[PDB]
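Chemist: Mind looking over this structure? Questions follow.
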Amino acid sequence: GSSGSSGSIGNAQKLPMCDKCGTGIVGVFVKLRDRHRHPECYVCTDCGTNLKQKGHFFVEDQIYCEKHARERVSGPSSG
Ligand SMILES: [Zn+2]
Ligand SMILES: [Zn+2]
């Protein structure tokens, strides 16, 4: 464990907090339409594949891989 993260600081430039985890992003990242995510979180939510090239889909306010997304957008409906 690190048990660090020390350093007193006042105001700070606004950062696009990731959606998957929920933490202020810094540096390289994947900016979504109206949302923001990390360069590693951008991966699918079901399995976790790099949607960098493949791409991400919108289902129930979530992101998945065409492989999973298609299955969700097409099929049953979980209340
Ligand atoms: Zn994240
Ligand atoms: Zn998936």
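How things are named: the first chain in the structure tokens is A, the next is B, and so on; residues count from 1 in each chain; ligands count from 1 in the order shown.
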Within 6 Å of ligand 2, counting only C-alpha atoms and all ligand atoms, which protein or nucleic acid residues do you find, written as an NGL selection string?
Modeler: :A and (44 or 46-48 or 64-65 or 68)
Chemist: Around ligand 1, which protein and nucleic acid residues have at least one atom no more than 7 Å from it, if we count only C-alpha atoms and all ligand atoms? List them as a PDB file with N, CA, C and O atoms, in the first residue's frame.
Modeler:
```pdb
ATOM      1  N   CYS A  18     -13.716  10.889 -13.963  1.00  0.00           N
ATOM      2  CA  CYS A  18     -14.157   9.691 -14.668  1.00  0.00           C
ATOM      3  C   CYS A  18     -15.567   9.295 -14.238  1.00  0.00           C
ATOM      4  O   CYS A  18     -16.030   9.680 -13.165  1.00  0.00           O
ATOM      5  N   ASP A  19     -16.241   8.522 -15.082  1.00  0.00           N
ATOM      6  CA  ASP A  19     -17.597   8.071 -14.790  1.00  0.00           C
ATOM      7  C   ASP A  19     -17.588   6.656 -14.221  1.00  0.00           C
ATOM      8  O   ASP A  19     -18.316   6.350 -13.277  1.00  0.00           O
ATOM      9  N   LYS A  20     -16.760   5.795 -14.803  1.00  0.00           N
ATOM     10  CA  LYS A  20     -16.656   4.411 -14.355  1.00  0.00           C
ATOM     11  C   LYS A  20     -16.352   4.344 -12.862  1.00  0.00           C
ATOM     12  O   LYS A  20     -17.117   3.769 -12.088  1.00  0.00           O
ATOM     13  N   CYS A  21     -15.231   4.937 -12.463  1.00  0.00           N
ATOM     14  CA  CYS A  21     -14.827   4.946 -11.063  1.00  0.00           C
ATOM     15  C   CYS A  21     -15.385   6.170 -10.343  1.00  0.00           C
ATOM     16  O   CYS A  21     -16.092   6.047  -9.344  1.00  0.00           O
ATOM     17  N   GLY A  22     -15.062   7.352 -10.860  1.00  0.00           N
ATOM     18  CA  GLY A  22     -15.539   8.582 -10.254  1.00  0.00           C
ATOM     19  C   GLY A  22     -14.437   9.345  -9.546  1.00  0.00           C
ATOM     20  O   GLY A  22     -14.540   9.637  -8.354  1.00  0.00           O
ATOM     21  N   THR A  23     -13.377   9.668 -10.281  1.00  0.00           N
ATOM     22  CA  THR A  23     -12.251  10.399  -9.715  1.00  0.00           C
ATOM     23  C   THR A  23     -11.702  11.417 -10.708  1.00  0.00           C
ATOM     24  O   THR A  23     -11.642  11.158 -11.909  1.00  0.00           O
ATOM     25  N   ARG A  37     -14.220  10.075 -19.253  1.00  0.00           N
ATOM     26  CA  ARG A  37     -13.732   8.832 -18.665  1.00  0.00           C
ATOM     27  C   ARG A  37     -12.215   8.731 -18.791  1.00  0.00           C
ATOM     28  O   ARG A  37     -11.589   9.499 -19.523  1.00  0.00           O
ATOM     29  N   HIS A  38     -11.629   7.779 -18.071  1.00  0.00           N
ATOM     30  CA  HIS A  38     -10.185   7.576 -18.103  1.00  0.00           C
ATOM     31  C   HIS A  38      -9.769   6.821 -19.360  1.00  0.00           C
ATOM     32  O   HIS A  38     -10.582   6.178 -20.025  1.00  0.00           O
ATOM     33  N   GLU A  40      -8.146   4.240 -19.504  1.00  0.00           N
ATOM     34  CA  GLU A  40      -8.147   2.810 -19.225  1.00  0.00           C
ATOM     35  C   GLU A  40      -9.555   2.320 -18.898  1.00  0.00           C
ATOM     36  O   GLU A  40      -9.879   1.149 -19.098  1.00  0.00           O
ATOM     37  N   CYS A  41     -10.388   3.225 -18.394  1.00  0.00           N
ATOM     38  CA  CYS A  41     -11.761   2.888 -18.039  1.00  0.00           C
ATOM     39  C   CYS A  41     -12.647   2.834 -19.280  1.00  0.00           C
ATOM     40  O   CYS A  41     -13.635   2.102 -19.320  1.00  0.00           O
TER      41      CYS A  41
END
```
Chemist: Atom CA of residue A:70 and atom CA of residue A:39, how far apart in Å?
Modeler: 22.9 Å
